[PDB]
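Asks: Okay, so here is upload.pdb, and as you'll see once you scroll down, it has PDB, C-alpha atoms.
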```
ATOM      1  CA  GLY A   1       3.099   8.093 -19.683  1.00  0.00           C
ATOM      2  CA  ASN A   2       3.839   4.699 -21.285  1.00  0.00           C
ATOM      3  CA  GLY A   3       1.860   2.876 -18.553  1.00  0.00           C
ATOM      4  CA  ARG A   4       1.937   4.812 -15.257  1.00  0.00           C
ATOM      5  CA  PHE A   5      -1.055   4.947 -12.949  1.00  0.00           C
ATOM      6  CA  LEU A   6       0.179   5.019  -9.355  1.00  0.00           C
ATOM      7  CA  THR A   7       3.420   6.729  -8.263  1.00  0.00           C
ATOM      8  CA  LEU A   8       4.735   5.606  -4.868  1.00  0.00           C
ATOM      9  CA  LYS A   9       6.878   8.443  -3.558  1.00  0.00           C
ATOM     10  CA  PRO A  10       8.895   7.797  -0.426  1.00  0.00           C
ATOM     11  CA  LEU A  11      10.531  11.041   0.745  1.00  0.00           C
ATOM     12  CA  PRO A  12      13.410  12.505   2.776  1.00  0.00           C
ATOM     13  CA  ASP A  13      11.234  12.999   5.879  1.00  0.00           C
ATOM     14  CA  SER A  14      11.151   9.190   5.880  1.00  0.00           C
ATOM     15  CA  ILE A  15      14.330   7.069   5.920  1.00  0.00           C
ATOM     16  CA  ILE A  16      13.197   6.136   2.361  1.00  0.00           C
ATOM     17  CA  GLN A  17      13.721   9.065  -0.106  1.00  0.00           C
ATOM     18  CA  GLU A  18      13.095   7.750  -3.624  1.00  0.00           C
ATOM     19  CA  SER A  19      10.147   7.671  -6.075  1.00  0.00           C
ATOM     20  CA  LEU A  20       8.616   4.460  -7.463  1.00  0.00           C
ATOM     21  CA  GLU A  21       6.026   4.169 -10.238  1.00  0.00           C
ATOM     22  CA  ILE A  22       3.333   1.472 -10.125  1.00  0.00           C
ATOM     23  CA  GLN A  23       2.475   0.971 -13.822  1.00  0.00           C
ATOM     24  CA  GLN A  24      -1.318   0.706 -14.278  1.00  0.00           C
ATOM     25  CA  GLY A  25      -1.277  -0.988 -10.858  1.00  0.00           C
ATOM     26  CA  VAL A  26       1.682  -3.383 -11.067  1.00  0.00           C
ATOM     27  CA  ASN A  27       0.844  -5.852  -8.345  1.00  0.00           C
ATOM     28  CA  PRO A  28       1.891  -7.153  -6.187  1.00  0.00           C
ATOM     29  CA  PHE A  29       4.495  -4.554  -5.228  1.00  0.00           C
ATOM     30  CA  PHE A  30       6.959  -5.890  -2.659  1.00  0.00           C
ATOM     31  CA  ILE A  31       8.590  -3.487  -0.192  1.00  0.00           C
ATOM     32  CA  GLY A  32      11.238  -3.878   2.534  1.00  0.00           C
ATOM     33  CA  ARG A  33      14.972  -3.594   3.311  1.00  0.00           C
ATOM     34  CA  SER A  34      16.210  -5.628   0.316  1.00  0.00           C
ATOM     35  CA  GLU A  35      15.757  -3.722  -2.969  1.00  0.00           C
ATOM     36  CA  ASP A  36      14.550  -7.098  -4.344  1.00  0.00           C
ATOM     37  CA  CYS A  37      11.109  -5.750  -3.412  1.00  0.00           C
ATOM     38  CA  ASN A  38       9.584  -3.758  -6.307  1.00  0.00           C
ATOM     39  CA  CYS A  39       9.577  -0.944  -3.722  1.00  0.00           C
ATOM     40  CA  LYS A  40      12.745   0.164  -1.872  1.00  0.00           C
ATOM     41  CA  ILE A  41      12.901   1.013   1.859  1.00  0.00           C
ATOM     42  CA  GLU A  42      16.227   0.833   3.642  1.00  0.00           C
ATOM     43  CA  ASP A  43      15.264   0.166   7.224  1.00  0.00           C
ATOM     44  CA  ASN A  44      17.491  -2.180   9.287  1.00  0.00           C
ATOM     45  CA  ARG A  45      14.673  -3.649  11.467  1.00  0.00           C
ATOM     46  CA  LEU A  46      12.260  -3.563   8.475  1.00  0.00           C
ATOM     47  CA  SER A  47      11.848  -7.012   6.829  1.00  0.00           C
ATOM     48  CA  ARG A  48      12.608  -7.406   3.090  1.00  0.00           C
ATOM     49  CA  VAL A  49       8.960  -8.263   2.309  1.00  0.00           C
ATOM     50  CA  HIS A  50       7.895  -6.395   5.481  1.00  0.00           C
ATOM     51  CA  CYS A  51       5.366  -4.532   3.351  1.00  0.00           C
ATOM     52  CA  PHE A  52       3.798  -5.117  -0.080  1.00  0.00           C
ATOM     53  CA  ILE A  53       1.115  -3.318  -2.115  1.00  0.00           C
ATOM     54  CA  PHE A  54      -1.361  -5.655  -3.825  1.00  0.00           C
ATOM     55  CA  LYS A  55      -4.160  -4.857  -6.267  1.00  0.00           C
ATOM     56  CA  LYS A  56      -7.560  -6.600  -6.451  1.00  0.00           C
ATOM     57  CA  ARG A  57     -10.894  -6.075  -8.241  1.00  0.00           C
ATOM     58  CA  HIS A  58     -13.228  -3.960  -6.075  1.00  0.00           C
ATOM     59  CA  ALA A  59     -15.992  -6.238  -4.774  1.00  0.00           C
ATOM     60  CA  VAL A  60     -19.371  -4.585  -5.465  1.00  0.00           C
ATOM     61  CA  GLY A  61     -23.018  -5.719  -5.555  1.00  0.00           C
ATOM     62  CA  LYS A  62     -25.488  -5.754  -8.477  1.00  0.00           C
ATOM     63  CA  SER A  63     -25.441  -2.423 -10.365  1.00  0.00           C
ATOM     64  CA  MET A  64     -28.920  -1.189  -9.385  1.00  0.00           C
ATOM     65  CA  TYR A  65     -30.045   1.302 -12.068  1.00  0.00           C
ATOM     66  CA  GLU A  66     -27.127   3.123 -13.715  1.00  0.00           C
ATOM     67  CA  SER A  67     -24.304   3.787 -11.258  1.00  0.00           C
ATOM     68  CA  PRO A  68     -20.504   3.693 -11.471  1.00  0.00           C
ATOM     69  CA  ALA A  69     -18.398   1.457  -9.187  1.00  0.00           C
ATOM     70  CA  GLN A  70     -19.527  -1.454 -11.414  1.00  0.00           C
ATOM     71  CA  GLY A  71     -16.647  -3.625 -10.128  1.00  0.00           C
ATOM     72  CA  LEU A  72     -13.203  -2.250 -10.904  1.00  0.00           C
ATOM     73  CA  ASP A  73      -9.643  -2.644  -9.546  1.00  0.00           C
ATOM     74  CA  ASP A  74      -8.547  -1.352  -6.112  1.00  0.00           C
ATOM     75  CA  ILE A  75      -5.037  -1.350  -4.556  1.00  0.00           C
ATOM     76  CA  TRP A  76      -4.451  -2.713  -1.044  1.00  0.00           C
ATOM     77  CA  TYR A  77      -1.330  -1.929   1.026  1.00  0.00           C
ATOM     78  CA  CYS A  78      -0.478  -5.114   2.961  1.00  0.00           C
ATOM     79  CA  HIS A  79       2.053  -4.697   5.797  1.00  0.00           C
ATOM     80  CA  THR A  80       4.111  -7.725   6.970  1.00  0.00           C
ATOM     81  CA  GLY A  81       7.300  -6.859   9.016  1.00  0.00           C
ATOM     82  CA  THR A  82       6.736  -6.969  12.833  1.00  0.00           C
ATOM     83  CA  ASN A  83       7.295  -3.161  13.058  1.00  0.00           C
ATOM     84  CA  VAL A  84       3.515  -2.839  12.433  1.00  0.00           C
ATOM     85  CA  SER A  85       2.110  -0.539   9.725  1.00  0.00           C
ATOM     86  CA  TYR A  86       0.711   2.959  10.362  1.00  0.00           C
ATOM     87  CA  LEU A  87      -1.584   4.993   8.063  1.00  0.00           C
ATOM     88  CA  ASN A  88      -3.198   8.338   9.017  1.00  0.00           C
ATOM     89  CA  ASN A  89      -4.600   7.104  12.368  1.00  0.00           C
ATOM     90  CA  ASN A  90      -5.164   3.346  11.873  1.00  0.00           C
ATOM     91  CA  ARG A  91      -2.657   1.069  13.660  1.00  0.00           C
ATOM     92  CA  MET A  92      -1.902  -2.296  12.004  1.00  0.00           C
ATOM     93  CA  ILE A  93      -0.006  -5.481  12.963  1.00  0.00           C
ATOM     94  CA  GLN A  94       2.501  -7.819  11.245  1.00  0.00           C
ATOM     95  CA  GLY A  95       0.298  -8.829   8.287  1.00  0.00           C
ATOM     96  CA  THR A  96      -2.615  -6.437   7.654  1.00  0.00           C
ATOM     97  CA  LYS A  97      -4.240  -5.266   4.400  1.00  0.00           C
ATOM     98  CA  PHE A  98      -5.316  -1.624   4.004  1.00  0.00           C
ATOM     99  CA  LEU A  99      -6.828   0.473   1.182  1.00  0.00           C
ATOM    100  CA  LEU A 100      -4.549   3.130  -0.332  1.00  0.00           C
ATOM    101  CA  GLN A 101      -6.347   6.404  -1.185  1.00  0.00           C
ATOM    102  CA  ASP A 102      -4.585   9.116  -3.244  1.00  0.00           C
ATOM    103  CA  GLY A 103      -2.121  11.081  -1.083  1.00  0.00           C
ATOM    104  CA  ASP A 104      -1.507   8.043   1.131  1.00  0.00           C
ATOM    105  CA  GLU A 105       1.677   8.694   3.111  1.00  0.00           C
ATOM    106  CA  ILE A 106       2.104   5.652   5.367  1.00  0.00           C
ATOM    107  CA  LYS A 107       4.895   5.105   7.910  1.00  0.00           C
ATOM    108  CA  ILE A 108       5.895   1.416   7.964  1.00  0.00           C
ATOM    109  CA  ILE A 109       8.355   1.979  10.835  1.00  0.00           C
ATOM    110  CA  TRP A 110       8.583   4.823  13.378  1.00  0.00           C
ATOM    111  CA  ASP A 111      11.190   4.901  16.184  1.00  0.00           C
ATOM    112  CA  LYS A 112      11.892   8.059  18.226  1.00  0.00           C
ATOM    113  CA  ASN A 113      15.158   6.563  19.564  1.00  0.00           C
ATOM    114  CA  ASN A 114      16.745   6.619  16.080  1.00  0.00           C
ATOM    115  CA  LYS A 115      14.123   8.708  14.213  1.00  0.00           C
ATOM    116  CA  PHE A 116      13.892   5.702  11.852  1.00  0.00           C
ATOM    117  CA  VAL A 117      10.574   6.837  10.338  1.00  0.00           C
ATOM    118  CA  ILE A 118       9.374   5.728   6.877  1.00  0.00           C
ATOM    119  CA  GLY A 119       6.751   7.416   4.665  1.00  0.00           C
ATOM    120  CA  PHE A 120       5.508   6.800   1.108  1.00  0.00           C
ATOM    121  CA  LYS A 121       3.260   9.160  -0.877  1.00  0.00           C
ATOM    122  CA  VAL A 122       0.670   7.366  -3.030  1.00  0.00           C
ATOM    123  CA  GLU A 123      -0.221   9.538  -6.047  1.00  0.00           C
ATOM    124  CA  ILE A 124      -2.461   8.033  -8.752  1.00  0.00           C
ATOM    125  CA  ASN A 125      -1.902  10.118 -11.898  1.00  0.00           C
ATOM    126  CA  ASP A 126      -3.933   7.779 -14.118  1.00  0.00           C
ATOM    127  CA  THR A 127      -7.075   5.944 -13.067  1.00  0.00           C
ATOM    128  CA  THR A 128      -7.385   2.876 -15.302  1.00  0.00           C
ATOM    129  CA  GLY A 129     -11.036   1.773 -14.905  1.00  0.00           C
ATOM    130  CA  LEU A 130     -10.564   2.007 -11.123  1.00  0.00           C
ATOM    131  CA  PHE A 131     -13.579   1.732  -8.766  1.00  0.00           C
ATOM    132  CA  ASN A 132     -12.806   5.390  -7.976  1.00  0.00           C
ATOM    133  CA  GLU A 133     -10.202   8.061  -8.853  1.00  0.00           C
ATOM    134  CA  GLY A 134      -8.151   6.373  -6.109  1.00  0.00           C
ATOM    135  CA  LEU A 135      -9.232   8.578  -3.164  1.00  0.00           C
ATOM    136  CA  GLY A 136     -11.020   5.624  -1.520  1.00  0.00           C
ATOM    137  CA  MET A 137     -14.688   6.637  -1.101  1.00  0.00           C
ATOM    138  CA  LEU A 138     -16.561   3.364  -0.447  1.00  0.00           C
ATOM    139  CA  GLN A 139     -18.781   2.454   2.545  1.00  0.00           C
ATOM    140  CA  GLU A 140     -15.858   1.440   4.801  1.00  0.00           C
ATOM    141  CA  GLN A 141     -13.808   4.415   6.033  1.00  0.00           C
ATOM    142  CA  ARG A 142     -10.121   3.459   6.157  1.00  0.00           C
ATOM    143  CA  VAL A 143     -10.508   0.064   7.876  1.00  0.00           C
ATOM    144  CA  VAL A 144      -7.706  -2.478   8.409  1.00  0.00           C
ATOM    145  CA  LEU A 145      -8.095  -5.993   6.954  1.00  0.00           C
ATOM    146  CA  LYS A 146      -6.174  -9.169   7.889  1.00  0.00           C
ATOM    147  CA  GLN A 147      -3.857 -11.023   5.475  1.00  0.00           C
ATOM    148  CA  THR A 148      -5.186 -14.473   4.487  1.00  0.00           C
ATOM    149  CA  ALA A 149      -3.471 -17.448   2.796  1.00  0.00           C
ATOM    150  CA  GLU A 150      -3.931 -15.503  -0.466  1.00  0.00           C
ATOM    151  CA  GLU A 151      -1.794 -12.541   0.671  1.00  0.00           C
ATOM    152  CA  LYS A 152       0.782 -14.788   2.396  1.00  0.00           C
ATOM    153  CA  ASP A 153       1.190 -16.535  -0.982  1.00  0.00           C
ATOM    154  CA  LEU A 154       2.063 -13.227  -2.712  1.00  0.00           C
ATOM    155  CA  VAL A 155       5.091 -12.695  -0.460  1.00  0.00           C
ATOM    156  CA  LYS A 156       6.045 -16.373  -0.935  1.00  0.00           C
ATOM    157  CA  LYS A 157       7.417 -15.394  -4.349  1.00  0.00           C
ATOM    158  CA  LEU A 158       8.808 -11.877  -4.406  1.00  0.00           C
TER     159      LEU A 158
END
```
Taking this structure as input, can you express it in the form of structure tokens?
Replies:
Amino acid sequence: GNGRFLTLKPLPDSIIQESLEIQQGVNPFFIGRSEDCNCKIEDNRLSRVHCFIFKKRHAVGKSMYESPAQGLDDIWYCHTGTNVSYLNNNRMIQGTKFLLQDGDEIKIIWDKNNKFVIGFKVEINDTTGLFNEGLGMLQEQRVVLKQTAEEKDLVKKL
């Protein structure tokens, strides 16, 4: 690859059926109804910036002895459109940050009335000095974080 690391693959089961490629963690990645977002999701009720994937350096403590995880870069999926974000079994709200482990198929919008369900498959082919292969294996186990002024600023400029 010329610079691939994370492939975001939305599929046919979800209203979004395309494949995106996050180059060595190209952040932030904007996602929503308008293709303007680095990621494409055609969902009427879904906001243009409704969801965005951001990358940050994994916050770790002093490297006691010789151990990996010596501070690296992690990717955080930050939802934003009122439809609330959904990953595995963690429910989110309109503006939450969540870790994306490999094989992360998240539904940004799910409506039984119109079957308007979304789903993206996170597949990290390359791990560029990442805190982990990308399967998320830190102390926290799939926890939802809140978006602060820092995240809100990312969506300010698509």
Asks: Show me a table, sorted first by chain and then by increasing residue number, of the residues of segment 14-57 of chain A having an atom at most 8 Å from segment 115-119 of chain A, each with its shortest atom pair and the distance in Å to one decimal, counting all atoms listed in the file and written as JSON lines.
Replies:
```
{"residue": "A:14", "atom": "CA", "partner": "A:118", "partner_atom": "CA", "distance": 4.0}
{"residue": "A:15", "atom": "CA", "partner": "A:118", "partner_atom": "CA", "distance": 5.2}
{"residue": "A:16", "atom": "CA", "partner": "A:118", "partner_atom": "CA", "distance": 5.9}
{"residue": "A:41", "atom": "CA", "partner": "A:118", "partner_atom": "CA", "distance": 7.7}
{"residue": "A:43", "atom": "CA", "partner": "A:116", "partner_atom": "CA", "distance": 7.3}
```
Asks: Could you give me, as a list in words, the residues within 8 Å of residue 74 of chain A, counting all atoms listed in the file and dropping anything in the same chain fewer than 6 positions from it?
Replies: residues 55, 56, 57, 58, 99, 130, 131 and 134 of chain A
Asks: Can you list what the PyMOL selection byres ((chain A and resi 128) around 9) grabs from this structure, as a ChimeraX atom specification?
Replies: /A:5,24-25,72-73,126-127,129-130,133
Asks: Decode the PyMOL selection byres ((chain A and resi 148) around 12) for the given file into explicit residues and return them as an MDAnalysis selection string.
Replies: chainID A and resid 78 80 95:97 145:147 149:155
Asks: Select, from A:84, A:158, A:137, A:11, the residue with the minimum atom-to-atom distance to residue 54 of chain A, counting all atoms listed in the file.
Replies: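 Closest residue, counting all atoms listed in the file: A:158.
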Asks: Within 8 Å of residue 98 of chain A, counting only C-alpha atoms, which residues show up once you throw out same-chain ones fewer than 5 positions away? Write them as a PyMOL selection string, please.
Replies: chain A and resi 76-78+142-145
Asks: Keeping only C-alpha atoms, write the selected residues to a file as a PDB file, keeping the file's coordinate frame.
Replies:
```pdb
ATOM      1  CA  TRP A  76      -4.451  -2.713  -1.044  1.00  0.00           C
ATOM      2  CA  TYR A  77      -1.330  -1.929   1.026  1.00  0.00           C
ATOM      3  CA  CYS A  78      -0.478  -5.114   2.961  1.00  0.00           C
ATOM      4  CA  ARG A 142     -10.121   3.459   6.157  1.00  0.00           C
ATOM      5  CA  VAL A 143     -10.508   0.064   7.876  1.00  0.00           C
ATOM      6  CA  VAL A 144      -7.706  -2.478   8.409  1.00  0.00           C
ATOM      7  CA  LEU A 145      -8.095  -5.993   6.954  1.00  0.00           C
TER       8      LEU A 145
END
```
Asks: Leaving out residue 18 of chain A and any residue of its chain fewer than 6 positions from it, which residues lie within 10 Å of it when counting all atoms listed in the file, given as an mmCIF file with C-alpha atoms, in the coordinates of the input?
Replies:
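around-v2.cif, written as the output of this step:
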```
data_model
loop_
_atom_site.group_PDB
_atom_site.id
_atom_site.type_symbol
_atom_site.label_atom_id
_atom_site.label_comp_id
_atom_site.auth_asym_id
_atom_site.auth_seq_id
_atom_site.Cartn_x
_atom_site.Cartn_y
_atom_site.Cartn_z
ATOM 1 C CA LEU A 8 4.735 5.606 -4.868
ATOM 2 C CA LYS A 9 6.878 8.443 -3.558
ATOM 3 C CA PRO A 10 8.895 7.797 -0.426
ATOM 4 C CA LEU A 11 10.531 11.041 0.745
ATOM 5 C CA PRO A 12 13.410 12.505 2.776
ATOM 6 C CA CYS A 39 9.577 -0.944 -3.722
ATOM 7 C CA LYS A 40 12.745 0.164 -1.872
ATOM 8 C CA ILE A 41 12.901 1.013 1.859
ATOM 9 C CA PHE A 120 5.508 6.800 1.108
#
```
Asks: Output, as AutoDock Vina command-line options, the centre and edge lengths in Å (one decimal) of the axis-aligned box that contains all listed atoms of segment 1-13 of chain A with 3 Å of margin on each side.
Replies:
```
--center_x 6.2 --center_y 7.9 --center_z -7.7 --size_x 20.5 --size_y 16.1 --size_z 33.2
```
Asks: A:109, A:124, A:100, A:135: which is nearest residue 75 of chain A, counting all atoms listed in the file?
Replies: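 Going through A:109, A:124, A:100, A:135 one by one, the smallest distance to residue 75 of chain A is for A:100.
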Asks: To one decimal place in Å, what is the distance between atom CA of residue 21 of chain A and atom CA of residue 6 of chain A?
Replies: 6.0 Å
Asks: Just the residues within 6 Å of residue 29 of chain A, please, counting only C-alpha atoms, with nothing from its chain fewer than 5 positions along; format it as a PyMOL selection string.
Replies: chain A and resi 38+52-53
Asks: Compile the contact shell of residue 47 of chain A as number ranges by chain: residues with an atom at most 8 Å away, counting all atoms listed in the file, same-chain residues fewer than 3 positions apart removed.
Replies: A: 32-34, 43-44, 50-51, 80-82
Asks: How many Å lie between atom CA of residue 122 of chain A and atom CA of residue 19 of chain A, rounded to one decimal?
Replies: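 Going from atom CA of residue 122 of chain A over to atom CA of residue 19 of chain A, I get 10.0 Å.
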Asks: In Å, how far is it from atom CA of residue 108 of chain A to atom CA of residue 87 of chain A?
Replies: 8.3 Å
Asks: Identify which of the residues A:62, A:45, A:157, A:79 lies closest to residue 110 of chain A, counting only C-alpha atoms when measuring atom-to-atom distances.
Replies: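 For residue 110 of chain A, the nearest of the candidates is A:45.
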Asks: Calculated over only C-alpha atoms, which of the candidates A:28, A:103, A:1, A:61 has the smallest distance to residue 49 of chain A?
Replies: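 Among A:28, A:103, A:1, A:61, it is A:28 that comes nearest to residue 49 of chain A.
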Asks: Measuring between all atoms listed in the file, which one of A:125, A:101, A:63, A:90 shows the shortest distance to residue 23 of chain A?
Replies: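 Looking only at the distances to residue 23 of chain A, the closest residue turns out to be A:125.
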Asks: Just checking: using all atoms listed in the file, which residue out of A:37, A:121, A:7, A:46 ends up closest to residue 94 of chain A?
Replies: A:46
Asks: N, CA, C and O atoms are what I want for segment 95-108 of chain A; can you complete it accordingly and write them as a PDB file, in the coordinates of the input?
Replies:
```
ATOM      1  N   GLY A  95       1.044  -8.054   9.315  1.00  0.00           N
ATOM      2  CA  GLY A  95       0.298  -8.829   8.287  1.00  0.00           C
ATOM      3  C   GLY A  95      -1.117  -8.273   8.149  1.00  0.00           C
ATOM      4  O   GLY A  95      -2.089  -8.974   8.357  1.00  0.00           O
ATOM      5  N   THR A  96      -1.249  -7.020   7.801  1.00  0.00           N
ATOM      6  CA  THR A  96      -2.615  -6.437   7.654  1.00  0.00           C
ATOM      7  C   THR A  96      -2.788  -5.837   6.260  1.00  0.00           C
ATOM      8  O   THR A  96      -1.847  -5.367   5.656  1.00  0.00           O
ATOM      9  N   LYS A  97      -3.992  -5.841   5.752  1.00  0.00           N
ATOM     10  CA  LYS A  97      -4.240  -5.266   4.400  1.00  0.00           C
ATOM     11  C   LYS A  97      -5.017  -3.958   4.550  1.00  0.00           C
ATOM     12  O   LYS A  97      -5.968  -3.879   5.302  1.00  0.00           O
ATOM     13  N   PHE A  98      -4.606  -2.925   3.865  1.00  0.00           N
ATOM     14  CA  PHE A  98      -5.316  -1.624   4.004  1.00  0.00           C
ATOM     15  C   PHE A  98      -5.500  -0.936   2.648  1.00  0.00           C
ATOM     16  O   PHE A  98      -4.668  -1.042   1.770  1.00  0.00           O
ATOM     17  N   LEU A  99      -6.587  -0.228   2.477  1.00  0.00           N
ATOM     18  CA  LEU A  99      -6.828   0.473   1.182  1.00  0.00           C
ATOM     19  C   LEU A  99      -5.899   1.677   1.052  1.00  0.00           C
ATOM     20  O   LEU A  99      -5.599   2.350   2.018  1.00  0.00           O
ATOM     21  N   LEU A 100      -5.452   1.957  -0.139  1.00  0.00           N
ATOM     22  CA  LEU A 100      -4.549   3.130  -0.332  1.00  0.00           C
ATOM     23  C   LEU A 100      -5.254   4.229  -1.136  1.00  0.00           C
ATOM     24  O   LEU A 100      -5.397   4.139  -2.340  1.00  0.00           O
ATOM     25  N   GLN A 101      -5.673   5.276  -0.475  1.00  0.00           N
ATOM     26  CA  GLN A 101      -6.347   6.404  -1.185  1.00  0.00           C
ATOM     27  C   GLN A 101      -5.272   7.348  -1.739  1.00  0.00           C
ATOM     28  O   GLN A 101      -4.140   7.327  -1.297  1.00  0.00           O
ATOM     29  N   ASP A 102      -5.605   8.177  -2.688  1.00  0.00           N
ATOM     30  CA  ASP A 102      -4.585   9.116  -3.244  1.00  0.00           C
ATOM     31  C   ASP A 102      -4.004   9.969  -2.113  1.00  0.00           C
ATOM     32  O   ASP A 102      -4.693  10.322  -1.175  1.00  0.00           O
ATOM     33  N   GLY A 103      -2.738  10.280  -2.176  1.00  0.00           N
ATOM     34  CA  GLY A 103      -2.121  11.081  -1.083  1.00  0.00           C
ATOM     35  C   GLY A 103      -2.058  10.198   0.158  1.00  0.00           C
ATOM     36  O   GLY A 103      -2.438  10.593   1.243  1.00  0.00           O
ATOM     37  N   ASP A 104      -1.592   8.991  -0.011  1.00  0.00           N
ATOM     38  CA  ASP A 104      -1.507   8.043   1.131  1.00  0.00           C
ATOM     39  C   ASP A 104      -0.069   7.930   1.624  1.00  0.00           C
ATOM     40  O   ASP A 104       0.688   7.083   1.190  1.00  0.00           O
ATOM     41  N   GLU A 105       0.297   8.763   2.552  1.00  0.00           N
ATOM     42  CA  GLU A 105       1.677   8.694   3.111  1.00  0.00           C
ATOM     43  C   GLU A 105       1.630   7.806   4.350  1.00  0.00           C
ATOM     44  O   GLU A 105       1.084   8.168   5.374  1.00  0.00           O
ATOM     45  N   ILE A 106       2.156   6.619   4.234  1.00  0.00           N
ATOM     46  CA  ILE A 106       2.104   5.652   5.367  1.00  0.00           C
ATOM     47  C   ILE A 106       3.492   5.411   5.963  1.00  0.00           C
ATOM     48  O   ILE A 106       4.462   5.238   5.254  1.00  0.00           O
ATOM     49  N   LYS A 107       3.581   5.370   7.264  1.00  0.00           N
ATOM     50  CA  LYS A 107       4.895   5.105   7.910  1.00  0.00           C
ATOM     51  C   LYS A 107       4.966   3.631   8.312  1.00  0.00           C
ATOM     52  O   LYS A 107       4.276   3.185   9.207  1.00  0.00           O
ATOM     53  N   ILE A 108       5.786   2.870   7.642  1.00  0.00           N
ATOM     54  CA  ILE A 108       5.895   1.416   7.964  1.00  0.00           C
ATOM     55  C   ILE A 108       6.671   1.219   9.269  1.00  0.00           C
ATOM     56  O   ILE A 108       6.447   0.271   9.996  1.00  0.00           O
TER      57      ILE A 108
END
```
